[PDB]
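Q:
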Amino acid sequence: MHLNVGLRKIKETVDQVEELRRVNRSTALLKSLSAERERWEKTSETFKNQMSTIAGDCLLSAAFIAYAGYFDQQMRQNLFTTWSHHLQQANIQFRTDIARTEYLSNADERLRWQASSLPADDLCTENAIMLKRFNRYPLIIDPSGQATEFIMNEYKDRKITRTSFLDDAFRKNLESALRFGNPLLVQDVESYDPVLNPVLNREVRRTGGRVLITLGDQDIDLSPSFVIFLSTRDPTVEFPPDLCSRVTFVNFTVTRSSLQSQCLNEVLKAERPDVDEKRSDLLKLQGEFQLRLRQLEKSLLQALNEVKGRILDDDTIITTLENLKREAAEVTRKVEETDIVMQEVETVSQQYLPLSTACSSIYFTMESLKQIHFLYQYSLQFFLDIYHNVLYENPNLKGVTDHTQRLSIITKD
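Structure representation (structure tokens):
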């Protein structure tokens, strides 16, 4: 609607310039305005193309959020490919370039997640997305347990509390959370308590000014702020179909592919932070720089709709048009930077890939070595600490600067 109001004001300016003509100075403003109006019409074109994309993309994102919360990376990708293939068969338009990990997520929320020790990865980013927006309370399957730390850090501001099903005071803690709307996390859900069946079913009772949910033989005033998380560290635990339908699944199981991507990200951030910054900024070239572009465009719209007859000041319009053109040219140059990213940043990724593949193989080997002897139990925290002491606080790297040499020394260590 803002764009249409601007179009009305631009037609008003066209009328003003035609009145001025009724003379080359007015003609120069007229032809400059036509070129700027040309920019406006093409901007209207892409958003009308954005309509089909938003409809189809909402469909695909919804199907990915409600479903696919239990499958691993390969199955998620396969299901996404099948859905997109059928949509293409059905002539439904959907933006192929966009990724599910970013369409449903915001940059500030992403950096809050990173500050909350999110294990940055495709699987983990999607999992955090499904944790942010939901209609049924989630079931976090974290054999590694990093999801528990992520939840504690993210919901620390709202004072989330630790409580398990085996705890006798679990009922008291749940009652307190329902009374005060405090978030709750349950770390053991294999021994499920069916007292949560009404809460999960959201069997609310909006009598008078109170929203009540019947717990056992008692009625408790539900709070909107209340949210409950259920965890099960067992990867092979089974639940009855009632629970499987009542909760949404968000598994943090670390598949070798997921571990490979996580390790590649860790090394790309640890070594060569410039490419990591540009790849993080690869969405800030369309983000932070495009954020400044949108600020410049909105300031241009402000100046254009508060004209009030600015006969004294007319250089502002031309300056704003030139600045918006400069921002767009920077965005295109950063698009070519993304082209070189598919030339060199992806080459940086593929040069750091053999290390990540070996690291995923090493952790799989450790988890397999758990078999031959009951004493050989290792965790993801242990391997990650090995990793962090290999990269950070490594004496074999103080006087080492060459990138390939750094990679070789890092592999050996």
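Read in order, the letters of the sequence shown are residues 3199 to 3220, 3472 to 3862 in UniProt numbering. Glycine included, each C-beta is placed from N, C-alpha and C at the ideal position.
Quick one: give me the first and last residue of the alpha helix (DSSP H) that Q3799 is part of.
A: 3795-3818 is the span of the alpha helix (DSSP H), which, as asked, contains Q3799.
Q: Taking contact to mean at least 3 C-beta pairs separated by less than 8 Å, is the stretch 3559-3577 in contact with the stretch 3710-3729?
A: Yes, the stretch 3559-3577 is in contact with the stretch 3710-3729.
Q: Which one of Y3552, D3642, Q3739 has the shortest CA to CA distance from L3615?
A: That would be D3642, whose Cα lies nearest to the Cα of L3615.
Q: Can you list, in chain order, the residues of its chain whose CB lies under 8 Å from that of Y3516, leaving out five sequence neighbours each side?
A: So the list reads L3528, once near-sequence residues are dropped.
Q: Following the continuous alpha helix (DSSP H) through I3767, name the residue where it begins and the one where it ends.
A: It spans 3764-3789 - the alpha helix (DSSP H) in which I3767 sits, taken as one unbroken run.
Q: For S3809, count the other beta carbons within 10 Å of its own beta carbon; 16 or more makes it buried, fewer makes it exposed. Which is it?
A: By the neighbour-count rule (16 or more Cβ atoms within 10 Å), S3809 is buried.
Q: What number of angstroms, rounded off, separates the C-alpha of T3781 from the C-alpha of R3682?
A: If I take the Cα positions, the gap works out to 47 Å.
Q: With burial defined as no fewer than 16 other Cβ atoms inside 10 Å of the residue's Cβ, what is the status of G3518: buried or exposed?
A: By the neighbour-count rule (16 or more Cβ atoms within 10 Å), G3518 is buried.
Q: Report the partner residues of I3677 according to the DSSP bridge assignment.
A: Partner(s): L3633.
Q: With burial defined as no fewer than 16 other Cβ atoms inside 10 Å of the residue's Cβ, what is the status of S3857: buried or exposed?
A: Per the 10 Å Cβ criterion, exposed.
Q: Kindly provide the ranges of any beta strand (DSSP E) runs that are 3 or more residues long and lie completely inside the stretch 3561-3623, ordered along the chain.
A: DSSP runs (the beta strand (DSSP E)) wholly in the stretch 3561-3623: 3587-3590, 3610-3612.
Q: Mapping the DSSP letters down to three states, classify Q3667 as helix, strand or coil.
A: Here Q3667 sits in strand by DSSP.
Q: With distance defined between alpha-carbon atoms, name the residue in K3621, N3576, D3670, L3761 nearest to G3658.
A: Of the listed residues, the one whose Cα sits closest to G3658 is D3670.
Q: What first and last residue would you give for the beta strand (DSSP E) that runs through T3697?
A: Note, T3697: beta strand (DSSP E), 3697-3700.
Q: Taking only three categories from DSSP, how would you classify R3659?
A: Here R3659 sits in strand by DSSP.
Q: Just to confirm, is the Cβ distance from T3697 to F3583 under 8 Å?
A: Taking 8 Å as the Cβ cut-off, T3697 and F3583 qualify as a contacting pair.
Q: Which residue or residues does DSSP assign as beta-bridge partners of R3654?
A: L3661.
Q: Out of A3556, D3668, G3665, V3699, state which residue places its alpha-carbon closest to the alpha-carbon of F3513.
A: The shortest C-alpha separation from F3513 is found at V3699.
Q: Per DSSP, what kind of secondary structure is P3690 in: helix, strand or coil?
A: DSSP places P3690 in helix when its eight states are reduced to three.
Q: Report yes or no: do three or more beta-carbon pairs, one from the stretch 3843-3850 and one from the stretch 3611-3625, lie closer than 8 Å?
A: No contact exists between the stretch 3843-3850 and the stretch 3611-3625.
Q: Roughly how many angstroms lie between the CA atoms of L3634 and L3731, to the nearest whole one?
A: Going from the Cα of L3634 to the Cα of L3731 covers about 35 Å.
Q: In terms of residue numbering, what span does the alpha helix (DSSP H) encompassing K3207 cover?
A: First-last of the alpha helix (DSSP H) with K3207: 3200-3219.
Q: DSSP three-state call for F3529: helix, strand or coil?
A: Helix at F3529.
Q: Looking at residue 3180: is its Cβ nearer than 8 Å to the Cβ of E3639?
A: The displayed coordinates of the chain run from 3199 to 3862. Any statement about residue 3180 would go beyond what the structure contains.
Q: Should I3760 be labelled buried (16 or more other beta-carbon atoms within 10 Å of its own) or exposed?
A: Classification of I3760: exposed, given that the 10 Å Cβ count is below 16.
Q: Three-state secondary structure (DSSP) at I3858?
A: Note: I3858 maps to helix in three-state DSSP.
Q: First and last residue of the alpha helix (DSSP H) that includes residue 3236?
A: Any question about the placement of residue 3236 has no answer from these coordinates, since the chain jumps from 3220 to 3472.
Q: Since I believe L3753 is in contact with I3766 (beta carbons under 8 Å), could you give me their beta-carbon distance rounded to a whole number of angstroms?
A: Contact holds; Cβ gap of about 7 Å.
Q: Between the Cα of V3724 and those of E3795, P3689, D3764, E3746, spot the shortest distance and give me the residue it belongs to.
A: Checked all of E3795, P3689, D3764, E3746; the closest Cα to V3724 is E3795.
Q: Which residues mark the beginning and the end of the alpha helix (DSSP H) in which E3551 is found?
A: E3551 -> alpha helix (DSSP H) spans 3549-3552.
Q: Around the C-beta of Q3595, are 16 or more other C-beta atoms found within 10 angstroms, so that it is buried, or is it exposed?
A: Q3595 comes out buried.
Q: In the structure shown, what three-state DSSP assignment does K3747 receive?
A: Three-state DSSP puts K3747 in a helix.
Q: Nearest to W3532 by CA position, among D3506, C3693, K3605, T3550, is which residue?
A: Closest option to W3532, Cα to Cα, is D3506.
Q: Looking at the secondary structure, which residues open and close the alpha helix (DSSP H) in which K3847 lies?
A: Careful: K3847 lies outside any alpha helix (DSSP H) and carries neither H nor E.
Q: Does the Cβ-Cβ distance between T3769 and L3742 come in under 8 Å?
A: Their beta carbons are not under 8 Å apart, which means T3769 does not touch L3742 by this criterion.
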